[PDB]
Amino acid sequence: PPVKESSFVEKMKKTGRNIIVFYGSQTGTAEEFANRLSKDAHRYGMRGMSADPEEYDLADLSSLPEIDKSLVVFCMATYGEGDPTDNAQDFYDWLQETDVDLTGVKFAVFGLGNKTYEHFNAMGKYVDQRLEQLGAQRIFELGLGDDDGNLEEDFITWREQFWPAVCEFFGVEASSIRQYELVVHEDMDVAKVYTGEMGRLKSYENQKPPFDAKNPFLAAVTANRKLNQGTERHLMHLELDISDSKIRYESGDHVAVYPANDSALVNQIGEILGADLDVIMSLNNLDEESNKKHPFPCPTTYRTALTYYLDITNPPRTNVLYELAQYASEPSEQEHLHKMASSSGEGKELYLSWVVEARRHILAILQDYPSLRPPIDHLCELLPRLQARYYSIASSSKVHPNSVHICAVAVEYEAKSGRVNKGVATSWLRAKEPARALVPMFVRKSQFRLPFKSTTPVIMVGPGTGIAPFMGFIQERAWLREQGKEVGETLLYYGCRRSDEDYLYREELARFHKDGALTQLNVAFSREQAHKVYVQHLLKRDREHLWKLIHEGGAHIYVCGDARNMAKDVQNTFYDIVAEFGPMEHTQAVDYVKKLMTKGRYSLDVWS
Ligand SMILES: Cc1cc2nc3c(=O)[nH]c(=O)nc-3n(C[C@H](O)[C@H](O)[C@H](O)COP(=O)(O)OP(=O)(O)OC[C@H]3O[C@@H](n4cnc5c(N)ncnc54)[C@H](O)[C@@H]3O)c2cc1C
Ligand SMILES: NC(=O)c1ccc[n+]([C@@H]2O[C@H](COP(=O)([O-])OP(=O)(O)OC[C@H]3O[C@@H](n4cnc5c(N)ncnc54)[C@H](OP(=O)(O)O)[C@@H]3O)[C@@H](O)[C@H]2O)c1
Ligand SMILES: Cc1cc2nc3c(=O)[nH]c(=O)nc-3n(C[C@H](O)[C@H](O)[C@H](O)COP(=O)(O)O)c2cc1C
């Protein structure tokens, strides 16, 4: 589909670069690591560039040996269920079918994954193994970053041993540099000043299909209601009008949205830095050759950049703090910031507890290290991009073809840093009033789907907000019964804390149950009694019937929600069911369930 760029090898020859770092990223982490590695090259006398594999034809890897002392690095994150990130899907398909000989190619791979997921770092492992099979030579061990511990630390550790290994192999030997230049614009046509749009200038005001990540559709918020009964937390239900957008979706899909940071937080960053956020400007790449002309849409004001384009709420990465150290006039403070990039020792410890664990955002660090007064433009060049957030569409297109429903809990907690942290997208979404309140969005097709046959039994497990996609599933299955179709059993295993505090969609669910769309509404109230009652407890309670639906009914199992503990607990209970009724040994029940996943009968929509 995408028109590829001309050979990245030729571009390297023209720009005197010998190292190219590709990033397979869904949410920007692999992208940032790749930019860092690429920039590191310069410190070791080499010259590098980072690149998006989706924009090039990786077959040109076979020409890479034409450049002396050349090397290619892949920072690859895994996504979905042991799948490539969207921007790496093309590269992935090529690796599987090509037969190209990579003799002479030198490579290294750093994988980004999460040990709590079924297939840990599947993509990274695949690319690393495949390049070798194709004939290339590994110049450094595969990196296995784990987002469940601390991914940043894994990268640091890996990066520390990578460069020395690269220098050693090519016999090469080992000062703050800016990637962009500030150009302040005096009196310009507002008609050419970005105000928050993501792609084509003025694309938010002048909407034109097709709509997607690059060209989001600004959907009107037709409804935004509180879902939970109690006041402990704030759970919400929003309905986005996608009429006339020509966007198509199915239950199980995700809808992404581009939020705006908290304006007040943006005002304080400017204030504490003594900068005018209303200045119109551009940050242009000092490398007039790169396709990346700006770190974000330019020209624009800092206010706009800090509001729609930059992430100012997550814990700054170590390289960011490292580059800011130069701006801290107080020695001890400059020392602390500088040591955040350590692979061990008290500097690493301080980074892990004072920045990560305490969840200190950029503003917090500015306040707690008062001698740190970085210029606003450099900071903007260092902050990562503000990512879209995904939400499991909570409606069926068979019933609501022109509306996309969202079920989310607002994020707001007391951090160890002493302040209250707000979730960017949920705080933004929560404040949208139906009145128009517009939400930039797009739909990403998923593989979470109802069975094709209406008669196939369905087993849905989704505690808390994990119920989201199932509301769509249920509406659709109820729709099929109404349409005169023959629908098999539909069981919902939901869980909340108290039926009078956070029982989401209580009225809607009662209805579906009553009318027969829901064969069974099994709800685990985790806090109404002294002991915990979870969804897996209900599954174990119904083990005999569930086995029957699975073994003889060809039922489809779906799990949605917390991927950290809930998914595994639920999965283990399924192991116990299969093990007991097969019967078989645990190890065989585990195989059994894993095959259900390959056969498309055990799907997951788990979050982290
Ligand atoms: C595929 C997919 C589907 C999803 N579906 C939904 C869904 O349907 N409904 C839903 O509600 N969510 C779902 N999400 C999560 C959603 O995408 C957002 O991550 C979530 O809404 C938070 O976004 P935010 O901008 O409000 O918070 P952010 O500003 O992005 O902050 C998120 C971070 O805050 C930190 N944090 C949260 N609570 C605490 C705490 N109490 N203590 C310390 N740190 C904490 C964590 O690091 C968390 O990653 C989904 C995520 C994925 C990936
Ligand atoms: N954006 C998100 O929605 C998002 C993102 C990432 C992770 N998560 C995680 O998903 C989980 C649920 O969050 P939520 O806000 O949707 O609702 P929640 O109220 O935090 O949890 C929903 C229900 O799940 C129960 N539960 C807790 N641990 C369980 C487990 N080990 N196995 C089965 N059930 C368990 C909870 O009981 P108790 O609370 O009484 O133990 C509660 O009854 C949390 O761990 C949350 O951090 C959510
Ligand atoms: C919906 C979703 C699915 C994921 N699936 C996997 C997976 O199968 N295996 C794995 O190792 N990590 C998985 N992860 C974790 C990511 O690989 C990890 O968080 C990575 O740092 C994200 O990088 P990015 O920001 O560069 O895309 C998943 C994360 C999300 C949000």
Side-chain angles (χ1 to χ4, degrees), residues 23-34 75-83 85-87 111-125 144-148 151 228 232-233 235-236 254-257 259 261 311 313-315 356-357 359 361 386-394 406-416 421-430 444 446 448 461-469 494-498 501-502 504 524-527 532-537 560-563 565-570 604-608:
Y23 50 93
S25 181
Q26 191 61 40
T27 50
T29 318
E31 184 175 352
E32 284 293 48
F33 290 155
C75 293
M76 314 287 288
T78 298
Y79 197 60
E81 199 308 78
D83 298 309
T85 51
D86 293 343
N87 85 309
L112 283 73
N114 185 311
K115 288 202 182 74
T116 69
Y117 285 69
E118 189 65 14
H119 295 92
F120 179 52
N121 262 119
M123 186 57 171
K125 297 177 178 188
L144 295 177
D146 178 18
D147 206 10
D148 187 54
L151 178 62
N228 55 314
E232 286 305 294
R233 308 145 86 211
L235 285 87
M236 54 196 180
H254 297 130
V255 51
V257 307
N261 282 307
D311 171 359
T313 51
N314 291 318
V356 190
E357 184 60 37
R359 300 295 304 177
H361 37 58
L386 180 62
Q387 304 295 304
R389 271 64 168 156
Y390 298 100
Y391 292 94
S392 305
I393 310 186
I406 290 178
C407 172
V409 53
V411 175
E412 180 171 9
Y413 57 98
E414 318 162 318
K416 305 274 285 289
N421 284 349
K422 301 289 243 65
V424 183
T426 52
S427 292
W428 175 67
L429 283 173
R430 179 184 191 174
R444 174 184 180 278
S446 83
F448 205 75
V461 186
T465 65
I467 191 176
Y494 170 63
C496 59
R497 306 182 180 184
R498 294 195 166 82
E501 173 75 38
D502 52 22
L504 310 176
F525 299 111
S526 73
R527 307 183 183 180
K532 293 298 187 179
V533 175
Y534 294 142
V535 289
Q536 56 272 38
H537 294 148
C560 176
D562 171 56
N565 284 98
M566 183 281 286
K568 293 173 177 183
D569 282 347
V570 164
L604 298 150
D605 183 18
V606 290
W607 326 317
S608 66

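By convention here, the first residue in the shown sequence is residue 1. Whatever order the structure lists them in is the order used to number ligands and atoms, beginning at 1. All heavy atoms count here, side chains included; hydrogens, waters and symmetry mates do not.
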Which protein non-hydrogen atom lies closest to [atom], naming both residue and atom, and how far is it?
{"atom": "atom 15 (C) of ligand 3", "value": "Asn114 CB, 3.7 Å"}
{"atom": "atom 8 (O) of ligand 1", "value": "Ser392 N, 3.0 Å"}
{"atom": "atom 27 (O) of ligand 3", "value": "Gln26 N, 2.6 Å"}
{"atom": "atom 5 (N) of ligand 3", "value": "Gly80 O, 2.8 Å"}
{"atom": "atom 21 (O) of ligand 1", "value": "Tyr391 OH, 2.8 Å"}
{"atom": "atom 8 (O) of ligand 3", "value": "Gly82 N, 2.9 Å"}
{"atom": "atom 38 (N) of ligand 1", "value": "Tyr413 CD2, 3.8 Å"}
{"atom": "atom 1 (C) of ligand 3", "value": "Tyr79 CE1, 3.5 Å"}
{"atom": "atom 16 (C) of ligand 3", "value": "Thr78 O, 3.6 Å"}
{"atom": "atom 18 (C) of ligand 3", "value": "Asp147 OD2, 3.7 Å"}
{"atom": "atom 23 (O) of ligand 3", "value": "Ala77 CB, 3.4 Å"}

N or O contact, [X] vs ligand 1, cut-off under 3.5 Å:
{"X": "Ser608", "result": "no"}
{"X": "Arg389", "result": "yes"}
{"X": "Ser427", "result": "no"}
{"X": "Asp605", "result": "no"}
{"X": "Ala468", "result": "no"}
{"X": "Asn314", "result": "no"}
{"X": "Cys407", "result": "yes"}
{"X": "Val424", "result": "yes"}

Numbered atoms of ligand 3 (with element) below 4.0 Å of [X], judged on heavy atoms:
{"X": "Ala30", "answer": "26 (O)"}
{"X": "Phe120", "answer": "11 (O)"}
{"X": "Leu151", "answer": "21 (O)"}
{"X": "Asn121", "answer": "10 (C), 11 (O)"}
{"X": "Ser25", "answer": "24 (P), 25 (O), 26 (O), 27 (O)"}
{"X": "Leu112", "answer": "17 (O), 20 (C), 21 (O), 23 (O), 26 (O)"}
{"X": "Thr29", "answer": "23 (O), 24 (P), 25 (O), 26 (O)"}

The atoms of ligand 1 lying under 4.0 Å from a heavy atom of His254, numbered in the order shown, are 1 (C)

Per-atom filter on ligand 1: closer than 4.0 angstrom to a heavy atom of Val409 are 11 (O)

So is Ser608 close enough to ligand 3, meaning a heavy atom under 4.0 angstrom away?
yes

For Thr465, the atoms of ligand 2 under 4.0 Å from one of its heavy atoms are 3 (O), 16 (O)

Ligand 2 to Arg527, heavy atom cutoff 4.0 Å, flagged ligand atoms 38 (P), 39 (O), 40 (O)

If the threshold is 4.0 Å, N to carboxylate O, is there a salt bridge linking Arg497 and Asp502?
yes

Checking contacts here: is it the side chain or the backbone of [X] that comes within 4.0 Å of ligand 3, counting heavy atoms only? Could be both or neither.
{"X": "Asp83", "answer": "neither"}
{"X": "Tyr117", "answer": "side chain"}
{"X": "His119", "answer": "backbone"}

Review point. Do you see a donor-acceptor pair shorter than 3.5 Å between the side chains of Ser392 and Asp605?
Key: yes

- Query: If you measure from each heavy atom of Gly561 to ligand 2, is any distance below 4.0 Å?
  - Reply: no

Any heavy atom of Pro469 under 4.0 Å from ligand 1? The part involved is neither

Within the 4.0 Å heavy-atom cut-off, what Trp607 brings close to ligand 1 is side chain

Stepwise, does the side chain to side chain donor-acceptor pair (under 3.5 Å) test hold for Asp311 with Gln387? CA-CA 8 Å; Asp311 171 359; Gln387 304 295 304; over 6 Å; no

Among all the protein's heavy atoms, is there at least one whose distance to atom 32 (C) of ligand 1 comes out below 4.0 Å? no

Q. What do you think, any protein heavy atom under 4.0 angstrom from atom 47 (O) of ligand 1?
A. yes

Can you tell me if NZ on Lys416 sees more than 12 non-hydrogen neighbours from other groups inside 6.0 Å? no

Backbone or side chain, does any N or O of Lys532 fall under 3.5 Å from an N or O of ligand 2? yes

- Message: I want to know if ligand 2 touches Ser526 in the polar sense, i.e. an N/O pair below 3.5 angstrom.
- Response: yes

Of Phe448, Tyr390, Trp428, the residue with the heavy atom nearest atom 15 (C) of ligand 1 is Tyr390

